[PDB]
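Next up is one chain by itself, shown in structure tokens, the form deposited without the ligand.
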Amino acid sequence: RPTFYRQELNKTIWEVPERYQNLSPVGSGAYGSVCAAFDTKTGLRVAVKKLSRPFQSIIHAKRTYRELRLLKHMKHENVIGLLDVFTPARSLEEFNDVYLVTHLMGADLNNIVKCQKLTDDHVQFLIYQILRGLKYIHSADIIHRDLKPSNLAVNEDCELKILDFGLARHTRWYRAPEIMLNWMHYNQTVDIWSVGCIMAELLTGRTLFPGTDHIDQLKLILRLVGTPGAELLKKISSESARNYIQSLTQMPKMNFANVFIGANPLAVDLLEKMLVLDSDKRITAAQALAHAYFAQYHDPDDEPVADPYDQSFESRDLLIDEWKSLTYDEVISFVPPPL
């Protein structure tokens, strides 16, 4: 059991083991606040997230469990993974705080694309790594659902990691038309739509579909990709969605070469494959990695899949204390990475 030191950072109290030195606020995280810290044990610069009211309700307790399970499962270079997880609590009875530890990253893609237009080689490498990371996440039957520039973290040497995958349930600019409108069934390719939007923005320096509401968002989308075809209309079970689509002004699919003028034709070809309205026709992460645009990076022997992931808990209806105890077992059973 380590020695814990107490401090206050922006009205919140942090009780962390002594190895975590020079805690400095970095901003808001998914369901809590994040601090940059120096880990004396590894010499790594780390990001520490203290979850906010982790067991206040069934909803909080289940998502705390969900995030910890996800983080403990992910072991890939382009996917955020767990370096450590701790609680100052000595017993389950006392258990009320969860601190999660991962690598501290240099910047987010949101702040990089404002400093400013990336070269085609830089786009190739960053998009490659997103798709490599999504290939792995998707292989464990996990979907991001809210992939966007603010959850893509990158270092000075251009190494990228995906954060906040598997947490979103139920940013609009990067959202697939089907997951926003609940038309079609939807699959893991909802993240590929997001990749397309991010890639377009990295290449042009401009948001591809900067909508104001769900209706304006669809309008902007259909202006590029065209109104749904007869083959796609056949696949819509929602009578509301169908009536609406058929009511809208018919729009043809624009030629992406005439939109993304100046861009590498291989980037334009990939975008055409990622920005397909029909979720069944959209390119997958594994297929996109073999696209000629990634010729200098693609390595089919270094594009791993994940071990299977047990998501059965998602279907369970348990009490706060049950979710809390399950989280406590996951905290105690944690094994840090090897050297």
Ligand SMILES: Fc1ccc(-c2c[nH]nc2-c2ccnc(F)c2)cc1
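Only residues modelled in both forms are compared. Residue numbers here begin at 1 and follow the sequence given. For clarity, a rigid core is taken as the largest C-alpha set superposing within 1.5 Å between two forms.
Same protein, other form: the form deposited with the ligand bound, not shown, and the subject of what follows.
J.: Answer with open or blocked: the shown chain lacks the ligand, so superimpose the ligand from its arrangement in the deposited complex and check for 3 or more ligand atoms within 2.4 Å of backbone or C-beta atoms.
T.: Transferred pose: blocked.
J.: Could you spot which one of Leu232, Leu203, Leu208, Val268 gets a heavy atom to within 4.5 Å of the ligand in the deposited complex?
T.: It is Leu232.
J.: Exactly one residue in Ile283, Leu289, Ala61, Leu277 has a non-hydrogen atom within 4.5 Å of the ligand in the deposited complex; which is it?
T.: Selected option: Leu277.
J.: Using heavy atoms only and a 4.5 Å cut-off, decide whether all three of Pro177, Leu218 and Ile236 touch the ligand in the deposited complex.
T.: Every listed residue reaches the ligand in the deposited complex, so yes.
J.: Tell me, yes or no, whether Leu92 is in contact with the ligand in the deposited complex, where a contact means a heavy atom of each within 4.5 Å.
T.: So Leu92 does not count as contacting the ligand.
J.: Any of the heavy atoms of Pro88 lying within 4.5 Å of the ligand in the deposited complex?
T.: No, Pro88 is distant from the partner.
J.: Would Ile245 count as a contact of the ligand in the deposited complex, using a 4.5 angstroms cut-off between non-hydrogen atoms?
T.: Residue-level check for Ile245: yes, a contact with the ligand.
J.: Would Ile198 count as touching the ligand in the deposited complex under a 4.5 Å heavy atom rule?
T.: No, no contact at 4.5 Å.
J.: Determine, with the core as the superposition reference, the one member of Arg206, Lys234, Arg90, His185 that shifts its CA by 2 Å or more between the shown form and the other one.
T.: It is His185.
J.: So the C-alpha spacing of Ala267 and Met184 changes by 3 Å or more in the deposited complex; is that change toward closer or farther than shown?
T.: More distant in the deposited complex, by 3 Å or more.
J.: Can you give me the runs of at least three consecutive residues whose Cα atoms all move 2 Å or more between the shown form and the other one, with the core used for the fit?
T.: After superposing the rigid core, the only shifted stretch between the shown form and the other one is 182-185.
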